[PDB]
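This report refers to the structure that appears directly beneath it.
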Amino acid sequence: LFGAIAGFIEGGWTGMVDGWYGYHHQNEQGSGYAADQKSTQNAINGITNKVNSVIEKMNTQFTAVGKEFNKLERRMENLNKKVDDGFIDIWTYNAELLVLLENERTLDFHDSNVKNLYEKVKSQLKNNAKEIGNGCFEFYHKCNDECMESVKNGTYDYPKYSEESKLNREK
Amino acid sequence: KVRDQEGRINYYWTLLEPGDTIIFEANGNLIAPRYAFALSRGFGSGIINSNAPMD
């Protein structure tokens, strides 16, 4: 676990409907909910390949399990029963454990993606913004929709607002 | 000679289904049945070859 989901970020947003991970901004123009398309798309590709790897790795040949034996062949019937029960037990154990462990792999993957998004935004903003907990940043400068979109796609231009942020911070 | 004897007795068995008859015809060399066993069957089990106490 990485501490983002059910961690320093408490709960999810029912408002964000276009993706798994994303931002919620609040400016003078208004607030919103935008999903991070790059991280969400990477997660979608990974989860799709995991599901496909689980499904398509099972290949079988045409077989018929059922067999019939007479009364004088009971060692036959018992051996057939043994092979059938053994295969069923092995497959049941394997399937249950595989699902159990892959659920933890998927949830950890989502937690890591959220934390990585948080760290990316933090490294972009540097000291131009303050961390106020809950995965939430407060800007020392004045941002419009261009600034918010710039933070979102990954082209923030810290030097543009460095001076104003310094003036507002040291006050 | 085995068990003091040279002659041999071959032992045979079969399971009569409920609602069936067995007919023995013999002009000699018959070791006839005297006691039979009505056998209701159960779960598959086995025979353990051991020398251990029983509790």
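Positions of Cβ are generated from backbone atoms using ideal geometry, with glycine treated the same way; all protein chains shown enter the neighbour counts. Every number in this text was worked out from the coordinates using simple rules, so none of it is lab data.
Residue check: is A:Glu104 away from chain B (no Cβ under 14 Å), within 30 Å of A:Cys136 (Cα to Cα) and among the charged types (D, E, K, R)?
Answer is yes for this residue.
When region B:1-43 is examined, which residues are found to be away from chain A (no Cβ under 14 Å) and among the polar types (S, T, N, Q)?
B:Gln5, B:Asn10, B:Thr21, B:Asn27, B:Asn29, B:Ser40
Which condition from (1) assigned to a loop (DSSP other than H, G, I, E, B); (2) closer than 30 Å to A:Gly11 by Cβ is the one that A:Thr106 breaks?
Every condition holds for A:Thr106 apart from (1).
If you scan region A:109-140, which residues turn out to be assigned to a helix (DSSP H, G or I), at negative phi and of a type in the set (D, E, K, R)?
Those that are assigned to a helix (DSSP H, G or I), at negative phi and of a type in the set (D, E, K, R): A:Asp111, A:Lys115, A:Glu119, A:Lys120, A:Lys122.
For region A:51-67, give me each residue that is surrounded by 10 or more Cβ atoms within 10 Å (Cβ to Cβ) and within 28 Å of A:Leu79 (Cα to Cα).
If the condition is that a residue be surrounded by 10 or more Cβ atoms within 10 Å (Cβ to Cβ) and within 28 Å of A:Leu79 (Cα to Cα), then A:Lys67 is the only one that fits.
Looking only at region A:46-79, how many residues end up being within 11 Å of chain B (Cβ to nearest Cβ) and part of a helix (DSSP H, G or I)?
So the answer is 5.
Look at region A:141-171 and say how many of its residues are part of a loop (DSSP other than H, G, I, E, B) and either within 24 Å of the chain's Cα centre (by Cα) or more than 16 Å from A:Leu117 (Cβ to Cβ) (or both).
So the answer is 9.
Within region B:44-55, count every residue that is farther than 25 Å from A:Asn80 by Cβ and within 14 Å of chain A (Cβ to nearest Cβ).
Final tally of qualifying residues: 0.
Taking the stated definitions as given, is A:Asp89 exposed (fewer than 11 other Cβ atoms within 10 Å of the Cβ), within 14 Å of another protein chain (Cβ to nearest Cβ) and charged (D, E, K, R)?
It is false that A:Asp89 is exposed (fewer than 11 other Cβ atoms within 10 Å of the Cβ), within 14 Å of another protein chain (Cβ to nearest Cβ) and charged (D, E, K, R).
Please go through region A:25-37 and pick out each residue that is assigned to a loop (DSSP other than H, G, I, E, B) and closer than 14 Å to A:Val114 by Cα.
A:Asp36
Name the residues in region A:20-46 that are surrounded by fewer than 15 Cβ atoms within 10 Å (Cβ to Cβ) and of a type in the set (A, V, I, L, M), would you?
A:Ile44
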